[PDB]
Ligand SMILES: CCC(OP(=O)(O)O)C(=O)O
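First comes one chain, alone, set out as structure tokens in the form solved without this ligand.
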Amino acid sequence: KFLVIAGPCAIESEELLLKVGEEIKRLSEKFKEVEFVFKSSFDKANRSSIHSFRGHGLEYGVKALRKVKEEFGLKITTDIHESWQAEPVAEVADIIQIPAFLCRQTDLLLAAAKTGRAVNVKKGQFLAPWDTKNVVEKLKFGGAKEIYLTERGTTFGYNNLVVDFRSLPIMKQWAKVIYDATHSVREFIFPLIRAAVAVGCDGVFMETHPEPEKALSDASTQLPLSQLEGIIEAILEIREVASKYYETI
């Protein structure tokens, strides 16, 4: 079924995760045809500035994420940044997320595959679509069977990313495809998520937060919690009509 991975950018506090987990739990009961996965990072390991918020650590993060899975019965996903983190994170995470800049680190992919969990690799802004084939092959070699490739934009000049939707059908030849609606661009988020489902993908990825203008990360992009339902309904309707034309394989 269609996948909808959502949640706040960083684990600002397990309190915040519960508030968002509750709303995601509700949509979950409302859209039985969609599979929801709660997402949040225990650490922003690649911020541009050294003076930026990173998080409360791996343990506190895994802890809070457990609280969401236990209190709401939602599948979980977070990202790892170094091999060793794969095992402790697999304890709670149903899907292990590989950061875009790290989509080429062989040991990181192998470590994620070894846990037995599903793996979702954000496509590097530097990677060509056809070059994701070798990414998948690495993970398969590592024992991974449930593999996702996520579209998040490509380097277009300086400080700018463009979404080449030709990548969805191309990457689909070797793995399920997810579209990152918030990192690929706030005014262009919805327009582009509509294009993604019109083209065809196996799921969408959205960072959401109660009050984005106060979130300690991606405050200019995180989708306002209240708007999630309406966007999910919108893409399910477009998908229903457009799926009729999705090209085979």
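In case it trips you up, residue 1 is the first one in the sequence shown, and so on.
In the deposited entry, the stretch joining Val185 to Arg186 is interrupted by 10 or more residues of the deposited sequence lacking coordinates. Taking only CA atoms, the mean B-factor in the PDB entry is higher for 207 to 215 than for the other of 187 to 195 and 207 to 215.
Of the two segments examined, 217 to 225 and 56 to 64, it is 217 to 225 that shows the higher average Cα temperature factor in the deposited entry. Within the group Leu102, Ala144, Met171, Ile96, the record's highest C-alpha temperature factor is found at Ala144. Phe126: CA B factor lies in the lowest third for its chain, per the PDB record. Sort the chain's modelled residues by C-alpha temperature factor and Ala90 lands in the highest third, per the entry. Sort the chain's modelled residues by C-alpha temperature factor and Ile50 lands in the lowest third, per the entry.
Among the modelled residues of its chain, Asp107 has a C-alpha B-factor that falls in the middle third, as given in the PDB entry.
Annotation for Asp43: C-alpha temperature factor in the middle third relative to the rest of the modelled chain, per the entry.
One more form of this protein, deposited with this ligand bound, exists but is not displayed; see below.
A residue is said to contact a partner when one of its heavy atoms sits within 4.5 Å of a partner heavy atom; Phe205 meets this definition for this ligand in the bound PDB entry. In the bound PDB entry, this ligand sits within 4.5 Å of a heavy atom belonging to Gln97. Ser28 falls outside the set of residues with a heavy atom inside 4.5 Å of this ligand in the bound PDB entry. Interface residue remark: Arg152 is counted as part of the site for this ligand in the bound PDB entry, having a heavy atom within 4.5 Å. Here the chain stands alone, but in the bound PDB entry its contact with this ligand, taken as any heavy atom within 4.5 Å, falls in 99 to 107 among 99 to 107, 83 to 91, 139 to 147, 170 to 178.
Within 4.5 angstroms of this ligand in the bound PDB entry, the stretch 70 to 90 places a non-hydrogen atom from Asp79 alone.
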